[PDB]
A.B. asks: 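After the structure tokens below, expect a handful of questions from me.
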Amino acid sequence: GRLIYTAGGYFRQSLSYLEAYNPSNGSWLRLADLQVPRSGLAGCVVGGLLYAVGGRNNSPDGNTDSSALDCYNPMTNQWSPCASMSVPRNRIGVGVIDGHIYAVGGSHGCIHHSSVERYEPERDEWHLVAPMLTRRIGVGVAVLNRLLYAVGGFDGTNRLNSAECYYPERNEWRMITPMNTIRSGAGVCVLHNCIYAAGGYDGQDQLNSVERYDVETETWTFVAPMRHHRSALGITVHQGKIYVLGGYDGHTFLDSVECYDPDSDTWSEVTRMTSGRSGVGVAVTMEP
Ligand SMILES: Cc1cc(C)c(C)c(S(=O)(=O)Nc2cccc(-n3ncc(C(=O)O)c3C3CC3)c2)c1C
């Protein structure tokens with residue numbers, strides 16, 4: 001599309017912001033607030049519409065995990081509710097295959113989900129599919145060649161370096177090669193034939209390292225590290241480059257946005273968000 005949308009997040013409390021960054025001119029636009037504040041959500045796009053999935057409203061009033069699915073139409077600058085998921089899912093990951101939204105893992109209080117469910121926009125319906133082999137919150141999710149990958153996270157006891165792949169026509173999950181780093185709350189995305197995992201928390205430190213999985217070789221390789229360590233970052237791809245947005249570096253809720261050029265294997269700072277925050281949802285679609 002043309003703009004990078006960032007929805008929600010956390011700073012002092014869960015946020016309702018929807019802001020759109022335009023890489024062509026450096027500008028940020030503030031758009032219609034989410035109806036309910038949420039951090040730990042995920043964003044995705046189907047048919048030009050932006051969806052916000054799951055998360056949690058951490059507020060002074062209290063703290064409520066979200067099962068919600070909401071749809072933002074850039075033409076109208078309006079959010080509409082969709083059908084809710086079977087369960088609340090904070091610290092969720094999502095991926096889109098063939099116009100359907102897969103919601104993966106996440107938490108409902110102390111419940112760490114392995115369950116996975118699929119949304120069909122044409123019917124406004126969710127249905128459960130086979131669960132993952134592992135409970136995963138803070139799970140990175142990406143789609144490559146119409147297969148769904150769940151990467152890292154936290155299973156209730158340990159942060160994970162494991163990853164697995166969902167084969168839709170078999171409704172089956174299988175482990176893939178584990179990452180070389182334990183990562184929970186990483187940013188995961190796809191670029192060319194690789195799944196990238198950037199940042200996260202390894203149980204001790206927020207990470208700046210970045211590694212990628214080549215589906216043909218089934219191996220993970222480190223690339224250039226980000227300039228800033230970060231967990232609970234937003235991540236997306238725009239014209240062949242990876243953008244990482246915000247996160248937490250152990251000291252500060254970051255406003256930094258970095259951009260990875262895979263041809264030069266370099267990261268550069270490209271803009272700052274209007275305020276530091278973590279736990280955002282991010283996706284790319286047409287300008288409003
Ligand atoms: C109060 C508070 C404080 C801080 C520092 C943050 C970041 C958030 S937050 O909204 O950004 N929360 C969030 C979003 C996405 C993923 C994760 N997440 N999932 C698993 C783990 C882990 O520690 O294993 C994490 C952590 C490593 C990132 C967590 C909140 C509410």
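Order of appearance sets the numbers: ligands from 1, and atoms from 1 within every ligand. Side chains are part of it too, since the values below use all heavy atoms of this structure and drop only hydrogens, waters and symmetry mates. Throughout, residue positions are numbered sequentially from 1 according to the sequence presented.
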A.B. asks: Which of the numbered atoms in ligand 1 are under 4.0 angstrom from any heavy atom belonging to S39?
C.D. replies: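 It comes down to these atoms of ligand 1: 10 (O).
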A.B. asks: Atom 5 (C) of ligand 1: which of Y248, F11, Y201, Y10 has the nearest heavy atom?
C.D. replies: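 Heavy atom nearest to atom 5 (C) of ligand 1 belongs to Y248.
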A.B. asks: Going by the order shown, which atoms of ligand 1 are within less than 4.0 Å of some heavy atom of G138?
C.D. replies: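 Atoms satisfying the 4.0 Å criterion: 19 (N), 20 (C).
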A.B. asks: Please report whether the ring centroid of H100 lies less than 6.0 Å from that of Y119.
C.D. replies: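 Not under 6.0 Å, so no.
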A.B. asks: Side-chain donor-acceptor pair under 3.5 Å between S39 and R56, yes or no?
C.D. replies: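 Looking only at side-chain atoms, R56 and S39 do not form any donor-acceptor pair under 3.5 Å.
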A.B. asks: Going by the order shown, which atoms of ligand 1 are within less than 4.0 Å of some heavy atom of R159?
C.D. replies: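 Close to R159: 22 (C), 23 (O), 24 (O).
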A.B. asks: Quick check on contacts: which atoms of ligand 1 are under 4.0 angstrom from a heavy atom of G279?
C.D. replies: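 Answer, ordered by atom number: 11 (O), 14 (C).
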A.B. asks: Taking everything shown except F253 itself, do over 12 heavy atoms lie less than 6.0 Å from its CZ?
C.D. replies: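 Yes, enclosed.
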A.B. asks: Which atoms from ligand 1 have a heavy atom of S231 less than 4.0 Å away?
C.D. replies: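 Matching atoms, with element in brackets: 27 (C), 28 (C).
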A.B. asks: Which heavy atom in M273 sits nearest to a heavy atom in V257, and how many Å separate them?
C.D. replies: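 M273 and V257 have their closest heavy atoms at CG-CG2, 3.9 Å.
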A.B. asks: Looking at atom 12 (N) of ligand 1, would you say a protein heavy atom lies below 4.0 Å from it?
C.D. replies: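 There is no protein heavy atom less than 4.0 Å from atom 12 (N) of ligand 1.
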A.B. asks: Tell me the closest heavy-atom pair linking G54 and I92, and the distance in Å.
C.D. replies: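 It is CA-CD1, 4.3 Å.
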A.B. asks: Show the nearest heavy-atom pair for residues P88 and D65, with the distance to one decimal.
C.D. replies: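 Shortest heavy-atom contact: CB-CB, 3.5 Å.
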A.B. asks: Which of the numbered atoms in ligand 1 are under 4.0 angstrom from any heavy atom belonging to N58?
C.D. replies: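 Going through ligand 1 atom by atom, the ones under 4.0 Å from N58 are 31 (C).
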A.B. asks: For atom 25 (C) of ligand 1, which of the options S184, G40, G203 provides the nearest non-hydrogen atom?
C.D. replies: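 Result: the heavy atom closest to atom 25 (C) of ligand 1 is in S184.
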A.B. asks: Are any of the side-chain nitrogens in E287 or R2 under 4.0 Å away from the carboxylate oxygens of its partner?
C.D. replies: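 Answer for the salt bridge query: yes.
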A.B. asks: What residue and heavy atom of the protein are closest to atom 7 (C) of ligand 1, and at what distance?
C.D. replies: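 For this ligand atom, the closest protein heavy atom is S278 OG, 3.3 Å.
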A.B. asks: Any idea which protein heavy atom is nearest atom 16 (C) of ligand 1, and the distance to it?
C.D. replies: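 Closest protein heavy atom to atom 16 (C) of ligand 1: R91 CG, 3.8 Å.
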A.B. asks: Among all protein heavy atoms, pick out the one at the shortest distance from atom 15 (C) of ligand 1; state its residue, atom name and that distance to 0.1 Å.
C.D. replies: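 Residue, atom and distance for the closest contact: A232 CB, 3.8 Å.
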A.B. asks: Please work out which of the three classes, parallel, tilted or perpendicular, describes the rings of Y166 and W173, given edges at 30° and 60°.
C.D. replies: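 Ring orientation, 0 to 90° scale: tilted.
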